[PDB]
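Examination of the molecular architecture
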Amino acid sequence: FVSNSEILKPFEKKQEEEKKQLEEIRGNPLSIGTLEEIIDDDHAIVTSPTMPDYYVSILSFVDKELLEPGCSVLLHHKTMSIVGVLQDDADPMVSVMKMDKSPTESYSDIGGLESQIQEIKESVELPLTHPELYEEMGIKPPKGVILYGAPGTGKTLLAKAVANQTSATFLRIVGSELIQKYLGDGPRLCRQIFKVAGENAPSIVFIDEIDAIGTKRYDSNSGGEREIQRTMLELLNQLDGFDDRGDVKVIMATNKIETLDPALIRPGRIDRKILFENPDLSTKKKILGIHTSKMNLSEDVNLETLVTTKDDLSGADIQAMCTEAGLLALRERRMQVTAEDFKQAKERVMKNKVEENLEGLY
Amino acid sequence: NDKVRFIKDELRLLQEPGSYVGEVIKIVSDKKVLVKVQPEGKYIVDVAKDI
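Per the deposited record, cryo-EM is how this structure was determined, to a resolution of 4.5 Å.

**Remarks on the overall build of chain B**
Summing up its helical and strand segments, chain B has one helix and three strands in all. Moving toward the C terminus, one meets the helices and strands of chain B in the order α-β-β-β. Computed over its C-alpha atoms, the radius of gyration of chain B comes to 16 Å, more than 25% above the 10 Å expected for a compact globule of 51 residues. On the principal axes, the C-alpha backbone points of chain B span a range of 45 × 25 × 10 Å. Taking contacts inside chain B between residues at least 6 apart in sequence as the whole, the part at least 24 apart equals 0%. Here chain B contributes 10 positive and 9 negative side-chain charges, whose respective centroids are spaced 3 Å apart.

**Quick word on the overall build of chain A**
Along its length, chain A carries 12 helices and nine strands. Pairs at least 24 apart in sequence give 71% of the contacts found in chain A among residues at least 6 apart. A total accessible area of about 23800 Å² is found for chain A, and carbon and sulfur atoms account for 50% of it. Where the 44 positive side-chain charges of chain A centre and where its 62 negative ones centre are 3 Å apart.

**Things to note about the side chain of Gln116(A)**
Residues and elements named next belong to chain A. Within the fold, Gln-116 resides in helix α2 (residues 114-129). Classification of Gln-116 as buried rests on a relative accessible area of 16%. Look past the residues within four positions of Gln-116 in its chain and what remains in contact with it is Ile-274 and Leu-275.

**Notes on the UniProt feature "binding site: ATP" in chain A**
Residue and element names in this part refer to chain A. Sites flagged by UniProt as "binding site: ATP" map to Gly-149, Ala-150, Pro-151, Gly-152, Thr-153, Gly-154, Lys-155 and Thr-156. Considering the arrangement of structural elements, one finds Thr-153 in the loop between β6 (145-149) and α4 (155-166). Setting aside residues no more than four positions away along its own chain, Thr-153 makes contact with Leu-113, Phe-276, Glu-277 and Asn-278. A distance of 3.3 Å separates the side chain of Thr-153 from the backbone oxygen of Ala-150, its partner in a polar contact. The residue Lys-155 is located in helix α4 in this model. Setting aside its immediate chain neighbours within four residues, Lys-155 contacts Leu-147, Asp-208, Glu-209, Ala-253, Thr-254, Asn-255 and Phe-276.

**Thoughts on helix α7 (residues 226-240) of chain A**
Residue and element names in this part refer to chain A. Over its 15 residues, α7 runs 21 Å from end to end, which matches the ideal 21 Å to within 8%, given 1.5 Å per residue. At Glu-234, α7 shows its strongest bend, of approximately 30°. When we look at burial in α7, the residues that qualify are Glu-227, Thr-231, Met-232, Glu-234, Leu-235, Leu-236, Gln-238 and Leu-239. Where α7 is buried, its residues contact α5 (175-178), α6 (186-199), β7 (205-207), β8 (250-253) and α8 (262-265).

**A word on the interface of chain A and chain B**
Where interface size is given, it is often the accessible area lost as the parts come together that is meant. In this assembly, 11 residues from chain A lie in contact with 10 residues from chain B. Buried surface at the junction of chain A and chain B, summed over both partners, amounts to about 900 Å²; 60% is from carbon and sulfur atoms. Three residues, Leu30(A), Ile32(A) and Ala90(A), lead the burial of chain A against chain B; their summed loss comes to 40% of the area buried on that side. The interface formed by chain A and chain B includes one salt bridge. Summed over the shared surface of chain A and chain B, the result is zero residue pairs in polar contact. Sorting elements by how many residues they give to the side of chain A that touches chain B places strand β1 (residues 30-32) of chain A first, with three residues. For the side of chain A that touches chain B, a count of residues per class yields five nonpolar, three polar and three charged.

**Digging into the pattern of salt bridges**
Proximity of charged atoms lets side chains of opposite charge pair with each other. What the rule picks out here adds up to 11 salt bridges over all chains. Here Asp208(A) makes a salt bridge to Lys155(A), at a shortest N to O gap of 3.8 Å. With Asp208(A) in the loop between β7 and α7 and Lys155(A) in helix α4, this residue pair connects regions lying 53 residues apart in the sequence. For the pair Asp208(A) and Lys155(A), a shared accessibility class is recorded, and that class is buried. Between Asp46(B) and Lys32(B) there is a salt bridge, with the nearest N and O atoms lying 3.0 Å from each other. Of this pair, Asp46(B) sits in strand β3 (residues 42-46) while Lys32(B) sits in strand β2 (residues 32-37); the two residues are 14 residues apart in sequence, bridging distant segments of the chain. With a relative accessible area of 18%, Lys32(B) lands in the buried category.

**A short note on a negative patch on the surface**
Together, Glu68(A), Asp88(A), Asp91(A) and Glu199(A) give the surface a local cluster of negative charge. With a relative accessible area of 39%, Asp88(A) lands in the partly exposed category.

**So, the environment of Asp30(B)**
With respect to the helices, strands and loops of the structure, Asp30(B) is situated in the loop between β1 (22-27) and β2. On the accessibility criterion, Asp30(B) (42% relative accessible area) is partly exposed. Apart from residues lying up to four places away in sequence, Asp30(B) is in contact with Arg26(A) and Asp46(B).

**Overview of the pairing of β2(B)**
Residue and element names in this part refer to chain B. Among the six residues of β2, five are classified as buried, and the element is accordingly described as predominantly covered. Bridging between β1 and β2 involves four bridges; their strand directions are antiparallel. In the sheet register, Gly-22 faces β2, and the bridge partner there is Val-37. Across five bridges, β2 lies against β3 in antiparallel orientation. Its bridge partner being in β3, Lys-36 is matched across the sheet by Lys-42. In this antiparallel pair of consecutive strands, β2 and β3, the connection spans four residues.

Rules used throughout
- Numbering of residues starts from 1 on every chain and follows the order in which that chain's sequence is written, so it may differ from the entry's own numbering; residues lacking coordinates are left out.
- Think of it this way: whatever chain is written first is A, whatever ligand is written first is 1, and the rest follow in order.
- What you see is one piece of a larger assembly, and the values refer to that piece, not the whole.
- Side-chain numbers here rest on the full set of heavy atoms in the structure, without hydrogens or water.
- Numbering of helices and strands runs from the N terminus, with a helix taken as a DSSP run of H or I at least four residues long and a strand as a DSSP run of E at least two residues long.
- When we talk radius of gyration, it's over C-alpha atoms, and the globule rule is simply 2.2 Å times the number of residues to the 0.38.
- A contact between two residues is defined here by any heavy atoms of the two lying within 4.5 Å.
- Think of it this way: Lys and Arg go in the positive column, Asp and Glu in the negative one, and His and the chain ends go nowhere.
- Here the site of a charge means atom NZ of a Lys, CZ of an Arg, CG of an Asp or CD of a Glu.
- With residues, only the protein chains shown are counted as cover, and all accessible areas are computed by Shrake-Rupley using a 1.4 Å probe.
- Throughout this description, buried means an accessible area under 20% of the type-specific maximum (1.4 Å probe, protein chains only), exposed means over 50%, and partly exposed covers the range between.
- UniProt positions are given in the numbering used here, feature names are shortened, and annotations may be inferred rather than shown by experiment.
- By the criterion applied in these results, polar contacts are pairs of N or O atoms within 3.5 Å in which, for protein atoms, one can donate a hydrogen and the other can accept it, and in which residues neighboring in sequence qualify only through two side-chain atoms.
- How far a helix is expected to stretch is found by multiplying one less than its residue total by 1.5 Å.
- In this scheme, the bend at a residue equals the angle between the axes fitted to the seven residues that finish there and the seven that begin there.
- By convention, the term buried area covers the 1.4 Å-probe accessible surface removed from two parts as they join, with the contributions of both added.
- Each reported salt bridge corresponds to a side-chain nitrogen of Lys or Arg within 4 Å of a carboxyl oxygen of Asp or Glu.
- Here the term charged refers only to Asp, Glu, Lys and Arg, the term nonpolar to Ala, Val, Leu, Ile, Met, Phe, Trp, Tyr, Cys and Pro, and the term polar to all other amino acids, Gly among them.
- The patch calculation keeps residues exceeding 30% relative accessible area without a salt bridge and links them within 9 Å when they carry like charges or within 5 Å when they are nonpolar (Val, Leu, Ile, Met, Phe, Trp, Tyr).
- Strand pairing is assigned whenever DSSP identifies at least 2 bridges connecting the two strands.

Printed below as a string of structure tokens:
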């Protein structure tokens, strides 16, 4: 009664009076611009997309700590005054492309790497989710891990399941998008990726399939020989040009890290080397059982037979035989897939592309 | 009488300066909308009371 009349009543009345004063500031004569520089005199020069020049003062609700060069502030049409700081107009429009919040992945499909899975967890999942581990002991957690191995081992799926446990934004980078040839432009795009990761501080940085130009391998976007120097050394200048104790963790992954520049490896940031291998026959039943959980199997079909037949195959090859055997019975409109479809699937998918060494016995 | 009144009512509409063209970008709770004009730049304007 007494407190509610002296608090709630003047609060709702003051908020309505502040909006009335915005008619001379945020009212219809309103425009925007691009901030250039700020001076200690409470004045700045801002250029709108129509390329004018406006030198005015700074209004309320905003300080100079939030005003940075290159951003977009808010202007006025008549008085031309700077209102306040705002985010990127229309936004960069980067929401989910290489980045997301909580991807859906488990440890069953990546099974078989458990020997090397405990290495990435303790160096990434443990320090990020449990920061008290390295703080109480005073040790420095690994600031990055390198990924090397044959494809099909779930290289992307390895860090995908870790991102769901950390409950943080998981960044990715395509190797071919940084080397795009417009004019130069190679190092310019690299800075914009790490700049966004510094504002919100997701504390997760990952790169999938590092390629650049080893030799050629491109047509539309080439870059020449000068692109190799300005690209591969730009990723080095991120860790070498800045010292970040506990936040940015850079993780690099590709098919072959040997041909890469030893300077690009940046020793001392990545203290862990993880090797990828194909899963053994013991872990194939976990992946096969998931895809066949919704599949109708006949009485003569045994799961232990398909696992024994598989020799030197990736994780995608387990679901490939289930897809091929499922389409054979789908064309004939059968409920339970016959054992003949499973036999023809495991034999065909085994040898398709390269049947023979083409020369000698090797 | 209806033809002359119609032509007279349409006369003040042509004498009106008219309006620009733009596209809505984003909206807020302040009733201020960002409209991107093709020839001009982006302008944050207040919505009408009818909408």
